[PDB]
């Protein structure tokens, strides 16, 4: 039904791939019966330009005041020189912690017409359908101390600090995910060495009894890296800590070699989320309409599914996104079968075609 | 020349594979004629049994009086039920630190006759030949504090700590190792976040001065990871901290499907080192004489190169190992050509053969 949306196109191709999103986003809404009022805001370099800050003060309002945020991308050679404090990326990492988003979902499903783009043989990547769930707030990244001690500073340390609550929420969000997917979860840690992974494994084990129909399995971080390349089709949902995830995600993001196609979601406790494609802002290409709207489109379908429980539509989008690709219609970047390269806009249209008849 | 080698076969297919190696050596050291005195030593299950600990004090002595260590594997059903402090595996990590080995090398070279094994496409896995250098004394693995604390003990912590030296030495090695290969050295870290990686990115930059013939690059750990899969054919030598090196190594162990034939070498300061096959002890097939001995034999060739400088005695073996797979011979796990499957020993005979 009625929903409110915060649109932050951003830099580079951001605005192009976001238009595709918005148009197709409406095509299915008023087609199913639901309503929705958008409302833009500046983020990244563009905000730096008309507000002096990549994360403008009023943008946060537009966000807090809305249900979900649809993000494009930030970046560009221009501000590539500004002093850290004031740069595109700072602005993005900012609203991320401002919204308190602690879990990042990475859905990696294979497509029949793109497999030839994968580095893996057809039999290992074909029919892959998983989601990497990475922890975002704790870990070795935020843990203090992180200093050089000396004498002479001939010593240094970094810290991996976690709390029962941070571990228990990312892991729980994980079970709920698998719960509604193929109910198969696999907790990834390094429990045979780190005390942090032992607590994690102890926790994931406790939470296990609060979801009886979900098959929990443990796995060491090093072995999961091999299985992701050897037999990734075995996975459903994977939940791991901050660092291990900032890797499993990436790795998992190439075994299909269908990027600029991958969707990304950042959630938290309730249903508020920020969806954005994986690919960057690709500055040296904006204006040309070469932008692949698909990674941002699929991104939108996710918002519908996780943020508003509107599965039909959610799958409608990705189902459409599948047909269009079969016909041979794509925007150059993808290496579709026979092929039939169109434009960002021409493709957005074909998507609205399937979505209507 | 002369060399004393301690032989620690272990349990399982270990003694079987260690024997292939011995023979090959005893054949090769009679390439340019060198005296090799072998001395066996118990380790793991073998030791538990007739000693009482997976690392007899007598075994350590033998290593100490040795110029190198040849090792099979430990691990056995029969000993996987007793206490973690008296299990086969504890003996290894101990022999590990006890010898002060701080650098782990694990070279991966694709075989034109084993490509069907790889989960990768020819175009990507072929032409692969590289080495991962994993630091072994720092990282979260060995960093204090590391325990649960706080109210209700609901907080945990692990410490990633390193000394200026630990980082310096593991980088010298990788630099000299790169020195004698394609002269390339990719240094992997997390400089954009960890303080440790920053000091590392520096320690490395300085040592770069000392070796201007090498071309030193830098890659964040998470990028190296997808590259090892999207384009691993670009790497020669890569060095990285203890934790990143653990994940990255096993990541390079799958891109070829040659598990049964990956060698390894735990090095340190001088030329003393411990060598072994990357694979485990496969107790399941011990005795059936079907174990693949190549992994352990490449390790022996490795010992020759790094521990004595017989850059050719070693190479002879490597080329030998490559010829026999070229004629279609293999032990079973190998997915060769129309290939002729033969026993652990037969295959061994084929190498001794090629070796002249």
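Recorded method is X-ray crystallography, 3.0 Å.
Cβ coordinates come from backbone N, Cα and C, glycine included.
The following features are taken from Swiss-Prot:
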BINDING   A:76-89, A:280-292  NAD(+) binding site
BINDING   A:96, A:106, A:134, A:222  substrate binding site
SITE      A:141  site 'Important for catalysis'
SITE      A:190  site 'Important for catalysis'
BINDING   A:222, A:246, A:250  Mg(2+) binding site
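Here the features listed in Swiss-Prot are placed on the structure.
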residue	record	DSSP class
A:80	NAD(+) binding site	helix
A:88	NAD(+) binding site	helix
A:106	substrate binding site	strand
A:134	substrate binding site	strand
A:141	site 'Important for catalysis'	coil
A:246	Mg(2+) binding site	helix
A:282	NAD(+) binding site	coil
A:290	NAD(+) binding site	coil
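Closeness to chain B is evaluated for the binding-site residues A:80, A:88, A:222, A:250, A:282 by Cβ distance, with values under 8 Å counted; counted residues in sequence order are A:222, A:250.
On the backbone, the CA of residue A:106 (substrate binding site) and the CA of residue A:250 (Mg(2+) binding site) stand 9 Å apart. A distance of 13 Å separates the Cα atom of residue A:96 (substrate binding site) from that of residue A:88 (NAD(+) binding site).
Proximity of residue A:222 (substrate binding site) to non-local residues of its own chain (separation of 6 or more, Cβ distance below 8 Å) is seen for A:190, given in sequence order. Taking each Cβ in turn and tallying the other Cβ atoms within 10 Å, the top scorer among the binding-site residues A:76, A:88 is A:88. For residue A:88 (NAD(+) binding site) paired with residue A:134 (substrate binding site), the C-alpha to C-alpha distance reads 23 Å. The binding-site residues A:84, A:282, A:286 differ in how many other CB atoms lie within 10 Å of their CB, and the one with the most is A:282. In terms of local Cβ density within 10 Å, A:190 ranks first among the recorded positions A:106, A:190. Ranking the binding-site residues A:80, A:134, A:246, A:250 by the distance of their Cα atoms from the Cα of residue A:141 (site 'Important for catalysis') places A:246 first. Proximity to residue A:246 (Mg(2+) binding site), defined by a C-alpha to C-alpha distance within 10 angstroms, is shown by none of the binding-site residues A:76, A:80, A:84, A:282, A:286, A:290. Mapped onto three states, the DSSP output places residue A:190 (site 'Important for catalysis') in coil. By a simple count of nearby Cβ atoms, those within 10 Å, the most crowded of the binding-site residues A:96, A:134, A:290 is A:134. The binding-site residues considered are A:80, A:246, A:250; of these, A:80 has the fewest other C-beta atoms within 10 angstroms of its C-beta.
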